[PDB]
Amino acid sequence: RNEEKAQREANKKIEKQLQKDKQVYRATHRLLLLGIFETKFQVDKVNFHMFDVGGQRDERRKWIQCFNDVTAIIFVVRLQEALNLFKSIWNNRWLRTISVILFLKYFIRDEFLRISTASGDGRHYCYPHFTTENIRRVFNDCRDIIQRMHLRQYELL
Amino acid sequence: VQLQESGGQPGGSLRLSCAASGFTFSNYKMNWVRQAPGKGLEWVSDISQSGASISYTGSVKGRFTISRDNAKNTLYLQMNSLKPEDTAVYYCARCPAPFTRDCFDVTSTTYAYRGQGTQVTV
Amino acid sequence: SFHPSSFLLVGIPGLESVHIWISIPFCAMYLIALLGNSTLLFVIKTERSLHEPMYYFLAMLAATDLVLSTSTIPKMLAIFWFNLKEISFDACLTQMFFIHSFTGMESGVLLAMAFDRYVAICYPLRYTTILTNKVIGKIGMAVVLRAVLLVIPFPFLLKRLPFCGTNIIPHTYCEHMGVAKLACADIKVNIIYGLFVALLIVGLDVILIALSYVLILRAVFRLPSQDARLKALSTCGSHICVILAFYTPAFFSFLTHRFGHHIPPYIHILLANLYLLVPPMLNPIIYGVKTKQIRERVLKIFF
Amino acid sequence: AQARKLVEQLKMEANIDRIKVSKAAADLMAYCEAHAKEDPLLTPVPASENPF
Amino acid sequence: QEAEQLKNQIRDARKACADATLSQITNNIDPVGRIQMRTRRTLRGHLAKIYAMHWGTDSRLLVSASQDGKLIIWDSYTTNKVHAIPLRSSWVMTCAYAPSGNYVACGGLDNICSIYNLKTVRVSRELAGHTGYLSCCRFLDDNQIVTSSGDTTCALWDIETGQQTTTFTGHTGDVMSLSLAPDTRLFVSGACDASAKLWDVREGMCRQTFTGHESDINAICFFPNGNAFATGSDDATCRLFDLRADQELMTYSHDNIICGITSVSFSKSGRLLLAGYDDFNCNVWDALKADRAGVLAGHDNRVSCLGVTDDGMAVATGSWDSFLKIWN
Ligand SMILES: CCCCCCCC(=O)O
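Chains L, H, D, U and B, in that order, are what the protein sequence lines are. Going by our numbering, the first residue of the first sequence is number 1, and it counts up by one from there. Going by our numbering, the first residue of the second sequence is number 158, and it counts up by one from there. Going by our numbering, the first residue of the third sequence is number 280, and it counts up by one from there. Going by our numbering, the first residue of the fourth sequence is number 583, and it counts up by one from there. Going by our numbering, the first residue of the fifth sequence is number 635, and it counts up by one from there.
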């Protein structure tokens, strides 16, 4: 009798604490720098998280599935290798619906957009950039991505 | 999984063959890669499960042709009008997972599904 | 002050010889409304991937429609079928109170849905930190409290008028002015207060809804892509059609009961029963079946 | 260095004194048969004695 | 040259020692029947996808790990929670339960193994030294642990000193899982080079190598008597091997299964083998005769982890929709 009361009281505090972390988890946006370290920052009262993986081997087919719920992938650009990796990521099953933010003139951009617009059925796009401006650019693309997701949700697109 | 590669004056012609054993050859996407002396591994050509979709790098587009034979589980690369800038060791790589459109680590070092290679000097 | 025992509802005035032919479509539409909303509520509750603010607002709308449709149609069907016209004095007041309060609640729910859509589309990166559970609870409480507090004086206003003479009221259900017009005294206070309440609720909600839709469609048309220019129109048109079909007959009845007497009565009674029946049947089809994540989850359960 | 290690490992693994397969299958069959009376997922336990 | 000759000799010996199959000898046993199992409990407290789970010695408590950065200790009898531990790194892909029941371990993309103490929850140790991400870890005792990493190595640690006692090397791909024998004298391992290896804990050298799959190997577990093991791979098949015979005996597959296998486990008597797949549900196989006998299908995303109690009374499955389900 007393043991069950203690157990229920113990579980209630766990539930109350867990309900607090959900609001923090849904209010932050995650990123992935693909040229583990974590960097957190804030822009316009919006929380942003970025991770960099450089302590692993060059065999990505097993640890890349851990990043299937990220908002976007930051690809830093040898050109053929970049295009081949972009094609490999674009056609994956778990990272299928993932946008890519390119950080590289018009010939290379057109070659990338040729593979970007080949498939996808209007589920993901590509945002090439030619390079405190980078953070603003990433912020704008993230806002556009989330707006398009909301549009798809409400049957307006 | 075993992959054995055989075969190999500017402007000439050459042909490489590769035979595969230990796995079902039909349901895998295959490709030819090269390693030049002084540089790293590079991707050359690709071929799908039935040979419907074919892809070449821009350097050798038009000159070379890649084919596949599922009845004898072997694939071929035919090169015409070869230039001295094409001397390298040729490997035959295989995509890691069946029934997939993605092939990640074929150009990585210490790949497990790749042959021994044959040297071509022009 | 001499209130009668009970009243008599006659139904459609001047069409008493075809009371059964008119009732054929009413049964079918009420039956469809009685099934769609229940199915939508069950699907929303049982699933755990449908727990978002949009679906909570949809659930509140479905419950409001289910309550609105169930206080009018059974009595109309009884009148049309078995000629059961007798109604007590207090059942009239309670029926009128519930009808008006839940009309106000439906308007508030629609306003909340419009606000949610506006914030979602026009403020994407702040959507999760603006609309939380506390805000949703406060919004629902505000809607219910506003409706209840605004409509509650009506029974007190109708209980002080002396009723001398007849008790027949030419309608299908008990309204505020339909009952008030049989009183033996001046009803200026009822006129002014009811007109003020209706203007303060319905018009204020309609203006904000129109502003939100205009802002949303203006933001959609600014996108470089042009495949959203047609689907947005194709959905907003159906939404606006249903909204108008709900809102217009309400104004028609509220204004004809006190400013128009030259209009024939049977069409007035027929139009007074449309805003109370049609949106309850047409809401789930345009909101639940047409949406992407509810149709495929309904067909997933039965198959 | 790698080839020598591979050859040494292959030489080490070439002598383990293996046995037949028909004799190594009857062992597992008998193991399953002898313990099949106390496996709850094979023989459903009475509901009263079931913790869940 | 020498390697090819040795391989040919080993192949000829393997052909010579084999005379009968596991199917021909088990052609007269009565079939198990239709295994019908239903969900008895549902545990829902995580926010992101679950990656690993481990049962307890008393068959009443278990620990779960998720990609949001949490460790949760459950009570499957009453569904009540016990402990919730936040983690320093959000990318965790393994967890373990000490046999005594007063320790837990976890690790992931940080190339570190962390051990927490429950009877104080504060961290106890942080073992470092690997070069790649950790894939599995199993307790042997309150002071010994075995891990496998993504740098193609396995390790045996000493918690009291915090140092690496032994290093097992020889694989040419990422090591995905390990399974410890009941005798605790040896264990088995599988990697992405499509091979499995048997390691002796005392001496520290590879004794046997098994090569029958065509792609990466994802899960592994020991048979109850310790004389065999099963493993699932990325080619949509399972295979059972033997130690005294040193060759594969049975394969489990179907013509309509395309997805790979993520988890594998055995029953109490070894008659049933449970396999979690990438197409949202898991299957039950009869070990003696390869024949499907049941399907557990309740999850909306891919099944990632699977476990069976020490008393054999219930099974627990985790998934990528952040739910743990107990079936019996
Ligand atoms: C939002 C509607 C509130 C009730 C309207 C009253 C109409 C009347 O007095 O005739």
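Every residue, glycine too, gets a C-beta built ideally from N, C-alpha and C.
Using 8 Å for Cβ pairs, my map puts residue i next to residue j. What's the rounded Cβ distance?
i	j	result
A254/H	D868/B	5 Å
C771/B	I779/B	6 Å
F957/B	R678/B	6 Å
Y767/B	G807/B	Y767/B to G807/B, Cβ: 13 Å. No contact.
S938/B	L623/U	Rounded, the Cβ-Cβ distance is 21 Å, inconsistent with contact.
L95/L	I64/L	7 Å
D912/B	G894/B	5 Å
residue 583/D	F336/D	It is not possible to answer for residue 583/D, since the shown part of chain D is limited to 280 through 582.
If you drop the 5 nearest sequence neighbours on each side, which residues of the same chain put their C-beta closer than 6 Å to that of residue i?
i	result
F67/L	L32
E38/L	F51
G315/D	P563
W200/H	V190, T264
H680/B	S700, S956
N469/D	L436, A459
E365/D	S285
How would you call residue i, buried or exposed, if buried means at least 16 neighbouring beta carbons within 10 angstroms?
i	result
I323/D	buried
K438/D	exposed
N412/D	exposed
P167/H	exposed
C306/D	exposed
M187/H	buried
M594/U	exposed
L79/L	exposed
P503/D	exposed
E295/D	exposed
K959/B	buried
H536/D	buried
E794/B	exposed
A730/B	buried
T728/B	buried
residue 525/U	Nothing about residue 525/U can be reported from this structure: the residues present for chain U run from 583 to 634 only.
Which same chain residues, not among the five before or five after residue i, have their C-beta less than 8 Å away from its C-beta?
i	result
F525/D	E385, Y554, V557, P558
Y185/H	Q206, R251, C252, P255
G165/H	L171, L173, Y247, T275, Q276, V277
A732/B	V738, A739, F773, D776
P292/D	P449, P544, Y545, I548
Tell me which residues share the same chain as residue i and place their Cβ nearer than 7 Å to its Cβ, disregarding the 5 neighbours each side in the sequence.
i	result
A426/D	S380, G383, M384, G387
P720/B	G703, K704
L922/B	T660, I663, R905
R220/H	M236, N237, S238
Item to complete: Answer yes if the region 382-393 of chain D comes into contact with the region 475-490 of chain D, meaning at least three C-beta pairs across the two stretches below 8 Å, and no otherwise.
Response: yes
Worksheet item: Do the region 771-788 of chain B and the region 800-814 of chain B make contact, defined as three or more Cβ pairs closer than 8 Å?
Response: yes
Fill in: Runs of beta strand (DSSP E) lying entirely within the region 656-722 of chain B, each at least 3 residues, in chain order
673-677, 684-688, 695-700, 704-709, 715-720
Practice prompt. Decide yes or no for the touch test of the region 822-832 of chain B against the region 852-869 of chain B: beta carbon pairs closer than 8 Å, at least 3 of them.
Written response: yes
Practice prompt. Take every Cβ of the region 338-346 of chain D, pair it with every Cβ of the region 584-602 of chain U, and state whether three or more of those distances are shorter than 8 Å.
Written response: no
Discussion item. As an exercise, report each continuous beta strand (DSSP E) stretch of at least 3 residues that is fully enclosed by the region 789-815 of chain B, in chain order.
Written reply: 797-803, 809-814
Worksheet entry | Contact between the region 624-632 of chain U and the region 679-695 of chain B (3+ Cβ pairs under 8 Å) | no
Practice prompt. Enumerate, from N- to C-terminal direction, the unbroken beta strand (DSSP E) stretches of 3 or more residues contained entirely within the region 927-955 of chain B.
Written response: 937-942, 949-953
Discussion item. Across the region 347-358 of chain D and the region 543-550 of chain D, are there enough close Cβ pairs to call them in contact, namely three or more that are closer than 8 Å?
Written reply: no
Item to complete: Jot down the residue ranges of each uninterrupted beta strand (DSSP E) in the region 22-65 of chain L, minimum 3 residues, whole runs only, in chain order.
Response: 28-34, 37-42, 47-52
Discussion item. Please give me, in chain order, every unbroken run of the beta strand (DSSP E) with length at least 3 that falls completely inside the region 727-796 of chain B.
Written reply: 737-742, 746-751, 756-762, 768-775, 778-783, 787-792
Worksheet item: Is the region 398-409 of chain D in contact with the region 448-468 of chain D, if contact means three or more CB pairs nearer than 8 Å?
Response: no
Worksheet item: Along the chain, which unbroken stretches of the alpha helix (DSSP H) at least 4 residues long are found entirely within the region 396-466 of chain D?
Response: 406-409, 412-430, 432-437, 455-459
Item to complete: Would you be able to state if there are at least three C-beta pairs under 8 Å between the region 123-136 of chain L and the region 188-203 of chain H?
Response: no
Fill in: the region 235-246 of chain H touching the region 174-181 of chain H, judged by at least three CB pairs closer than 8 Å
no
Practice prompt. Evaluate the contact criterion for the region 706-714 of chain B versus the region 686-695 of chain B: three or more CB pairs, one atom per stretch, below 8 Å.
Written response: yes
Worksheet item: So does the region 644-661 of chain B actually touch the region 594-609 of chain U, counting three or more Cβ pairs closer than 8 Å?
Response: yes
Fill in: Segments of 3+ residues assigned as beta strand (DSSP E) that fall wholly inside the region 76-126 of chain L
99-103
Fill in: Contained beta strand (DSSP E) runs [length at least 3] in the region 871-938 of chain B, N- to C-terminal order
872-876, 882-886, 895-900, 906-911, 916-920, 926-930
Discussion item. Counting beta carbon pairs with one atom in the region 875-893 of chain B and one in the region 654-664 of chain B, are three or more of them shorter than 8 Å?
Written reply: yes
Worksheet item: Can you list, in chain order, the stretches of the beta strand (DSSP E) that have 3 or more residues and sit fully within the region 237-265 of chain H?
Response: 245-251
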